[PDB]
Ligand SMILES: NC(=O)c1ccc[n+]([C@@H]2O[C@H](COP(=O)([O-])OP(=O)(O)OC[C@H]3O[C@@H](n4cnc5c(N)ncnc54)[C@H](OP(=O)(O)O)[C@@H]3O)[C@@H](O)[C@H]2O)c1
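A lone chain, given as structure tokens: the form solved without this ligand.
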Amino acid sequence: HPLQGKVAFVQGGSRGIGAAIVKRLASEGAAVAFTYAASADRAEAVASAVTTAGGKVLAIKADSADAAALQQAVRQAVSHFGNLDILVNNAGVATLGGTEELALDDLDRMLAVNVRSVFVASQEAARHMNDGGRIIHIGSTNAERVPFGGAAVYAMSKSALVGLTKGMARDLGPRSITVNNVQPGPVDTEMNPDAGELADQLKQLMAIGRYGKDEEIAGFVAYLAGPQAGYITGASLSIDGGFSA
């Protein structure tokens, strides 16, 4: 139980990678508050995976596009569990579209969720975080390698976290809070399954030859959130099966 007595906030905790993060932090002893945008049923199943196993949890409905909601969610978490130790920023939106074709609404929604809300959550959490804390953003390997058309805005939204992480590491380093940017490759989820021709084409670009697993992303996040990782800060850390080699 390396996270015994710690409090974690996960932005986007109800499915895929986020659900795996919430469960793994809880299994290591953390109390976890998480946000979900869409489904109360799904957030219930996540909340039950934590509690049936003995862990403590709070599920908060919050739209990562609304400033006010994330700020509110952070405060509600703090009321419930006390000051934060760990923040994991896992909201994410993907729309494909060429430079000449992408709709401005889609651009706006990727900026709101993938960029703006990462900062806003980070700011509120930092205001309510213990010294010695951990802030982990979930970015993408597309910040480093964009091998196909249609991902310009997505990749922009993710390479944004590189500079955010560096400057936040400077800001919060005097409080011994680390800040890191986890950059996954393709991961097998319901909306991006390891199946079909698209998947095959992505696997071909990867050194390993399979999609990553939610639990593997979770493992790394939990290592970074833990007591051995206090010297890792400012870093963009790829976990992408060699996609970006």
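Residue positions are given as counts along the sequence shown, with the first one as 1.
Only in words, not in the display: the form solved in complex with this ligand, which the text now covers.
- Using a 4.5 angstroms threshold between heavy atoms, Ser64 counts as touching this ligand in the entry with it bound.
- Not displayed here, this ligand is approached by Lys158 to within 4.5 Å at the level of heavy atoms in the entry with it bound.
- Interface residue remark: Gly92 is counted as part of the site for this ligand in the entry with it bound, having a heavy atom within 4.5 Å.
- Proximity of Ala53 to this ligand in the entry with it bound falls outside the 4.5 Å heavy atom cutoff.
- Judged by heavy atoms within 4.5 Å of this ligand in the entry with it bound, the contact stretch among the candidates 99 to 107, 164 to 172, 133 to 141, 77 to 85 is 133 to 141.
- With the partner removed from view, the residue among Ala207, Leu198, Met191, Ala68 that has a non-hydrogen atom within 4.5 Å of this ligand in the entry with it bound turns out to be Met191.
- Here is the short version: of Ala151, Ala126, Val113, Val120, the single residue with a heavy atom within 4.5 Å of this ligand in the entry with it bound is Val113.
- Residues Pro184, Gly185, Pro186, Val187, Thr189, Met191, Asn192 are the ones in 180 to 201 with at least one heavy atom within 4.5 Å of this ligand in the entry with it bound, listed in sequence order.
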